[PDB]
2 protein chains.
Amino acid sequence: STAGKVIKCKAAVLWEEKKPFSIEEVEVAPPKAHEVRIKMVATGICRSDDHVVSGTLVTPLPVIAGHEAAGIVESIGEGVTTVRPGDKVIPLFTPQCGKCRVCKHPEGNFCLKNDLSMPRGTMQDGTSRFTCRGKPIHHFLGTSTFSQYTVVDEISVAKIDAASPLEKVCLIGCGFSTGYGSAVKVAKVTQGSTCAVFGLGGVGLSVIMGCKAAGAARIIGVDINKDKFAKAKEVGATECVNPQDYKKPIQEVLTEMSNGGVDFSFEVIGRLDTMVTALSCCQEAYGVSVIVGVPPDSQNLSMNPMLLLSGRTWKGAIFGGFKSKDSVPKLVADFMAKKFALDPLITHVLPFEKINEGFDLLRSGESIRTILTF
Amino acid sequence: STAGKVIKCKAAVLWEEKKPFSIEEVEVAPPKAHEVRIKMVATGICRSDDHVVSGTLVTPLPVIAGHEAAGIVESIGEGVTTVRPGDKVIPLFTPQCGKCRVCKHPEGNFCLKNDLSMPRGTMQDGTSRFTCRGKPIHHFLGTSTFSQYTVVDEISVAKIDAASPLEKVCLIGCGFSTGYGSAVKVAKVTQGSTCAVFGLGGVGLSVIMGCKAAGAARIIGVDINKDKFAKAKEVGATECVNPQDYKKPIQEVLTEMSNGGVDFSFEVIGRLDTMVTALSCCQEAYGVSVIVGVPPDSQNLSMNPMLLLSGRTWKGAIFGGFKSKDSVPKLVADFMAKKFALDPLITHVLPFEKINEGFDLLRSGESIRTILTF
Ligand SMILES: NC(=O)c1ccc[n+]([C@@H]2O[C@H](COP(=O)([O-])OP(=O)(O)OC[C@H]3O[C@@H](n4cnc5c(N)ncnc54)[C@H](O)[C@@H]3O)[C@@H](O)[C@H]2O)c1
Ligand SMILES: NC(=O)c1ccc[n+]([C@@H]2O[C@H](COP(=O)([O-])OP(=O)(O)OC[C@H]3O[C@@H](n4cnc5c(N)ncnc54)[C@H](O)[C@@H]3O)[C@@H](O)[C@H]2O)c1
């Protein structure tokens, strides 16, 4: 038994930007009141974890990154009521405290307890559960899933089906739910509509799944890597375009293709210029454009407000608009009943020890999701 | 008798930017097929008319401006079926052709036959019905209401109640409908919400009327001219703030006052900086901001897309989102049935000959709407 004791285990520590992860021993403290210690089973490699390495997404270093994962509860702190030792669980990078104005709002999901807007890299109490080489190490979004064991606040974990396959449902912790919800919840795509999806990685493929589920007649995938097109078509794209093949800006191309602009567009990359292009390719009077990609830290975009004055709607969202703790168990149940597929997103499987190879695969263009197993 | 003949009458011509209007004789051609010639009875002075004078809003010069008006049909061209000589009518600066993809959409109103996006200053057939001192003169938004007589395309006129008071219902042609619709149709303000309204002229006052009719609990008016506050409170504002009274940026003040951000905000001025402030002051996870003011020609705003990623919605609209020809007669009928008031908007009534005095009243801060009577 390890309950009440420090655990020594392996983790992937990031000591410096623009360097490989270091796989080495860390010390993981036992959970305090209203905290949960989790044995990790599987974790996905998402572009947002890479953004921590590149300095795109700023959070304090040194850090244990990872936010898309699933595992098994090892122990619970005083007062925990919503999970027990042995339960299967998904960590929630967006918490659901249930008590703030956002949690109480029908449409709100970006709980005020989040660590994303002004990242601190701690537990809710302002302290760390991790030591490495005798030094404190920061958490990431209250999750820190690149470790054999992590500690999370109770508002940042959801219990899931005991029969769930953790090497697949790890993707419900971020990329699948984000893209799917961006289409069906945030945009509210309509039957018979025309959609344009910018970026065909794991998150953009999940947006396509949601647009198909909503009954779109046309789903136009957009990527500068034409090797992404075959899988985009398998999951529902009706056509794909590469901006580098055209002499005109792709907003003009897409306006022509859609006979005056698309109904719904999605930016699923993280670039200023494609956020403005995606806006402008939606129909000027009634179009909707959703920003999903994470922008470069502290950088502003330039746009003409006449794009909005004619009637366009521009919005963004975290985690597909889903209230996290309510939604994750229901999404897992839907997956168990075959309402959506996760296999199309999983291109590579590696042991956790080969994390750096998994990041190489993402950076080269060759992977969608690599799943790491502990 | 004038039917079929050229009419010589008085108009206010703008020969070049940054000059007073010239009140002098013009010649008005008879209506061609599918056109309507109107005897003007009353026209309002809107800030958009002033933006033509200042070069804020680019349209071809020389021009007959004016777009917020009411009059009586003098004659009709071949093929007109929707109005007849003697009818009371309002000019529609946004047409409703009924045949384009925007008119057929349930939520679109910015008809593709409009002359706002790329102004040419003519009738639909690409020609002008006006001459002055032997020179052709441009039309403005297919209306040109600063003239004793104008000619409009059939898609740019609506028939209204024969008993309506034209000196009041002229405001349904632009400023009332726009502000009121921006609240009740575009934002869809909810019962119990907190709203912030930037700019307390005729259009912003009409936004306040709409927020109050929608049941908002709190309506915060924002203006640098404190003389605007008393009337804003009479029509529904619960509090007013002047940015110049505060050491901190007003987005921070309004976030504090609303215990974390407002539900709905409206930019009703036309400035890049207040568009970004208005978006920022709405709650980051579920807030909605609507741009109503007309921006400076060709200028781009700068903003951080993280304002949208957290969950805000940003939109704009023309004419309050109302389909123009369907809506204008219904709004007149609703005024006749006492469903809303127009008198709070009207501070001055002058003969048409005093047009320049009316614009100097607007520019000095001393008026809301001046109504000019022919
Ligand atoms: N809003 C949220 O809650 C949330 C959650 C998930 C991920 N993210 C963000 O979503 C984005 C996508 O994540 P992912 O894991 O799918 O990433 P990814 O890198 O696998 O996919 C991005 C795709 O964009 C393409 N691309 C790059 N530059 C392009 C350009 N100029 N034009 C067109 N295509 C271009 C790439 O070739 C790639 O296929 C990232 O920015 C990530 O940080 C946001
Ligand atoms: N979208 C549409 O269809 C539509 C229709 C109506 C008019 N317009 C636009 O709406 C806007 C308002 O028109 P109006 O006739 O009510 O104008 P107005 O000038 O009477 O009112 C604008 C108000 O803004 C205030 N103001 C100016 N600068 C400010 C600042 N920096 N901060 C705070 N307050 C400030 C003024 O003191 C004034 O009371 C104009 O830009 C006009 O062109 C748009």
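Right, A:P165: in the same structural domain as A:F374 (by CATH) and free of Cβ contacts under 8 Å to residues at least 60 places away in the same chain or not?
Here the answer is yes, as A:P165 does meet what is asked.
Could you identify the single residue in A:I224, A:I250 that is closer than 29 Å to A:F359 by Cβ, touching a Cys at 6+ places or on another chain (Cβ under 8 Å) and among the β-branched types (V, I, T)?
A:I250
What's the total number of residues in the range B:114-136 that are farther than 21 Å from B:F374 by Cα and in a strand (DSSP E or B)?
2
Which condition number in (1) more than 17 Å from the chain's Cα centre (by Cα); (2) surrounded by 14 or more Cβ atoms within 10 Å (Cβ to Cβ) is the one that B:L331 fails?
If we test B:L331 against (1) more than 17 Å from the chain's Cα centre (by Cα); (2) surrounded by 14 or more Cβ atoms within 10 Å (Cβ to Cβ), just (1) comes out false.
I'd like to verify a number: residues in the range B:135-153 that are within 28 Å of B:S182 (Cα to Cα) and in contact (Cβ under 8 Å) with a residue 60 or more places away in the chain, how many?
So the count comes out to 9.
Is it the case, given these coordinates, that A:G173 is more than 16 Å from ligand 2 (Cβ to nearest atom) and outside the structural domain of A:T82 (by CATH)?
The answer is no for A:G173.
When the range B:124-167 is examined, which residues are found to be under 30 Å from A:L308 (Cβ atoms), among the hydrophobic types (A, V, I, L, M, F, W, C) and in contact with a strand residue (DSSP E or B) (Cβ under 6 Å, 6 or more places away or on another chain)?
Once the filter is applied, which keeps residues that are under 30 Å from A:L308 (Cβ atoms), among the hydrophobic types (A, V, I, L, M, F, W, C) and in contact with a strand residue (DSSP E or B) (Cβ under 6 Å, 6 or more places away or on another chain), the range B:124-167 yields B:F140, B:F146, B:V152, B:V157, B:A158.
Go through the range B:248-275 and report how many residues are within 10 Å of chain A (Cβ to nearest Cβ) and in contact with a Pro (Cβ under 7 Å, 6 or more places away or on another chain).
Of the residues in the range B:248-275, 3 are within 10 Å of chain A (Cβ to nearest Cβ) and in contact with a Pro (Cβ under 7 Å, 6 or more places away or on another chain).
Among the residues of the range B:192-213, how many are touching a residue at least 40 places away in the same chain (Cβ under 8 Å), assigned to a helix (DSSP H, G or I) and touching a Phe, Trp or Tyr at 6+ places or on another chain (Cβ under 8 Å)?
The total comes to 7.
Six or more apart or on different chains, Cβ atoms under 6 Å: show the pairs whose first residue is in the range A:96-121 and outside the structural domain of A:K185 (by CATH) and whose second is surrounded by fewer than 16 Cβ atoms within 10 Å (Cβ to Cβ).
A:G121/A:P60
Can you tell me which residues in the range B:276-294 are surrounded by 24 or more Cβ atoms within 10 Å (Cβ to Cβ) and either facing another protein chain (nearest Cβ under 7 Å) or free of Cβ contacts under 8 Å to residues at least 12 places away in the same chain (or both)?
Hits for the range B:276-294 are B:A285, B:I291.
Considering each residue of the range A:209-248, count those that are aliphatic (A, V, I, L, M) and within 12 Å of ligand 1 (Cβ to nearest atom), and give that number.
4
Could you please let me know if B:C132 is surrounded by fewer than 24 Cβ atoms within 10 Å (Cβ to Cβ), within 14 Å of chain A (Cβ to nearest Cβ) and touching a residue at least 12 places away in the same chain (Cβ under 8 Å)?
no
What is the number of the single condition among (1) part of a loop (DSSP other than H, G, I, E, B); (2) under 22 Å from A:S75 (Cα atoms); (3) more than 13 Å from chain B (Cβ to nearest Cβ) that A:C97 does not meet?
The single condition A:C97 does not satisfy is (3).
Confirm whether A:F322 is more than 16 Å from ligand 1 (Cβ to nearest atom), among the aromatic types (F, W, Y) and either over 30 Å from B:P305 (Cβ atoms) or within 14 Å of chain B (Cβ to nearest Cβ) (or both).
no
Just one of the numbered conditions (1) in contact with a strand residue (DSSP E or B) (Cβ under 9 Å, 6 or more places away or on another chain); (2) more than 16 Å from ligand 1 (Cβ to nearest atom) is not true of A:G260; which one?
(1)
Among (1) within 15 Å of ligand 2 (Cβ to nearest atom); (2) over 30 Å from B:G4 (Cα atoms); (3) crowded, with 23+ Cβ neighbours inside 10 Å, where does B:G108 come up short?
(3)
Could you tell me which numbered condition B:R218 fails, if it satisfies all but one of (1) away from ligand 2 (no atom under 16 Å from the Cβ); (2) touching a residue at least 60 places away in the same chain (Cβ under 8 Å)?
(2)
For the range A:295-311, enumerate the residues that are within 7 Å of another protein chain (Cβ to nearest Cβ), at negative phi and not in a strand (DSSP E or B).
A:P295, A:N300, A:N304, A:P305, A:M306, A:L308, A:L309, A:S310, listed by residue number.
For the range B:185-203, name all the residues that are more than 15 Å from ligand 2 (Cβ to nearest atom) and of a type in the set (V, I, T).
B:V189, B:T190, B:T194
I need a count of the residues in the range A:324-374 that are in a helix (DSSP H, G or I) and under 22 Å from A:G181 (Cα atoms).
16
Mind checking whether some residue in the range B:347-357 is at the interface with chain A (Cβ under 10 Å from one of its Cβ atoms), within 11 Å of ligand 2 (Cβ to nearest atom) and surrounded by fewer than 19 Cβ atoms within 10 Å (Cβ to Cβ)?
no
Out of A:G108, A:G98, I need the residue that is of a type in the set (G, A, S), over 20 Å from the mean Cα position of the chain (by Cα) and over 21 Å from A:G66 (Cα atoms). Which one?
Result of the check over A:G108, A:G98: A:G98.
Which condition breaks for A:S48 when tested against (1) in contact (Cβ under 8 Å) with a residue 40 or more places away in the chain; (2) over 23 Å from A:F352 (Cα atoms); (3) out of contact with any strand residue (DSSP E or B) (no Cβ under 6 Å at 6 or more places or on another chain)?
Evaluating A:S48 over (1) in contact (Cβ under 8 Å) with a residue 40 or more places away in the chain; (2) over 23 Å from A:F352 (Cα atoms); (3) out of contact with any strand residue (DSSP E or B) (no Cβ under 6 Å at 6 or more places or on another chain) leaves (2) as the failure.
Looking at the range B:178-191 only, could you name the residues that are surrounded by fewer than 24 Cβ atoms within 10 Å (Cβ to Cβ) and part of a helix (DSSP H, G or I)?
Within the range B:178-191, B:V184, B:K185 meet the criteria.
Virtual Cβ from ideal backbone geometry, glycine too; neighbours counted across all protein chains shown. All of this is worked out from the model, or read from it or from the source named; these are not laboratory values.
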